[PDB]
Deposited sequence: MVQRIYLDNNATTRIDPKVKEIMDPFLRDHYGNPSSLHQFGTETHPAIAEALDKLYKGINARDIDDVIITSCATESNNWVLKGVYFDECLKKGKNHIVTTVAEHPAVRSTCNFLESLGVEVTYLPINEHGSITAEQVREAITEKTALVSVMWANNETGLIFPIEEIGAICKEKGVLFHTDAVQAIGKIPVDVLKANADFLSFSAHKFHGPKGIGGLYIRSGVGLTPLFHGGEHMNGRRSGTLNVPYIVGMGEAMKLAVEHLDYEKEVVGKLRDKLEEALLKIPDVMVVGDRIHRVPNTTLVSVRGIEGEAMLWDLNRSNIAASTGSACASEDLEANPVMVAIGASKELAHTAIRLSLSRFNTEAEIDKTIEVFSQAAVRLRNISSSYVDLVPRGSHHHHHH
């Protein structure tokens, strides 16, 4: 059997290099980095290297923090809850502005916040499949504590106008947070250019392990711990370091950065090829703008014949993809560095055949 994996915005294969780098931390270097003795100390250099890699990946400065978390969900929670504590309860700034596009980790948190009496305004998506970059301005009520926009959408692949929201944030004096989970390894990420106070990411979206993430926190910006215990991560996030995962994550980030051109030029090309092939079939059209999208994602909708059925069919032939809400759900196909032209060709063939079968059934 040969399976084809097209669900990369859902999770990704760990890179063999990442695995290799992690291995000795599962085996002999198992000491607690907080310990004083040779085990803990032994862990330091590797950890430092990992951190450096992470920093380079998002163009963070020495003065900034990139705090290791257990996942981007965690990061999101920390950002929102932290801002509620600091800026909402204690400074009366009882408004947050986000988008409707945001990952449930944000949206759900926001809902919870609202249930405590926070006002949250969720910017409606337009026909272009974006936020105007101005709706924010139109909604910064000064009582706004935080603005939170995802860098790229997980369903559509669509890139939002970060950088221009950063300006609208700097001008307005409001805290800016970008969940960047689906940006890493896909497009350049620059926290400086973004004027982000907070950035989220998760390793498993760029060939690291599940179960680890980052929150970038800008110098001098404060955020009340979500994990109190104050022993690790400069007091900001307590809990014994996940050494293996840290190392792996660092490596993954490095690899992601290295493959940016490749992602653009080759993965993107593959995606385009797939998309074009698909569109030469009855009443199947891409959902959203096709220009401001990360290179790896296509979301496509088949006339009548629903998405779930299609997905099931694909699975039956060993091809893995996901749904994406579009308004009938659509079909989300998300490539990686590891797909090949051959695979794409096969997918196209299989997709067409599946469509025809479903068509026949209809």
Missing segments of the deposited chain sequence, listed N- to C-terminal: 1, 329 to 349, 385 to 401
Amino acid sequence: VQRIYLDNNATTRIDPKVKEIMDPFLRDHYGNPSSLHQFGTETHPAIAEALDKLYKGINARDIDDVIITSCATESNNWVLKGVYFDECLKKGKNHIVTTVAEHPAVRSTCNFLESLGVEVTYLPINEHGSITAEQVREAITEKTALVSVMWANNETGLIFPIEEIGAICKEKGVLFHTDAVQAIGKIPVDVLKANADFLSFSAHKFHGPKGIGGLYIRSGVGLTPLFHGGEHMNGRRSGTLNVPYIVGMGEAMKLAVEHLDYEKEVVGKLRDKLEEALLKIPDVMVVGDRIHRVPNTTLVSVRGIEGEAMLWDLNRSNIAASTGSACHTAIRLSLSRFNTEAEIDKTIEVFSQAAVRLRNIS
From here on, numbers count along this sequence of modelled residues.
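In this text, the rigid core denotes the largest set of C-alpha atoms whose superposition between the two forms falls within 1.5 Å.
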Between 146 to 154 and 131 to 139, larger RMS Cα displacement in 8 other deposited structures of this protein after core fit: 131 to 139
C327 dropped in a third or more of the other entries: yes
Mean temperature factor over C-alpha atoms, higher-scoring stretch between 218 to 226 and 286 to 294: 286 to 294
Higher-scoring stretch by recorded Cα B factor average, 175 to 183 or 126 to 134: 126 to 134
Candidate set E258, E251, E163, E74 [ranked by C-alpha B-factor, highest]: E163
Among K93, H207, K81, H232 - the residue whose C-alpha B-factor is largest in the record: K93
Lowest, middle or highest third - CA B-factor, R236: lowest
Third assignment of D313 from its chain's C-alpha B-factors: highest
Among modelled residues of the same chain, the CA temperature factor third for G268: middle
Within-chain third of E306 by Cα B-factor, per the entry: highest
Ranked C-alpha temperature factor of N8 among modelled chain residues, by third: lowest
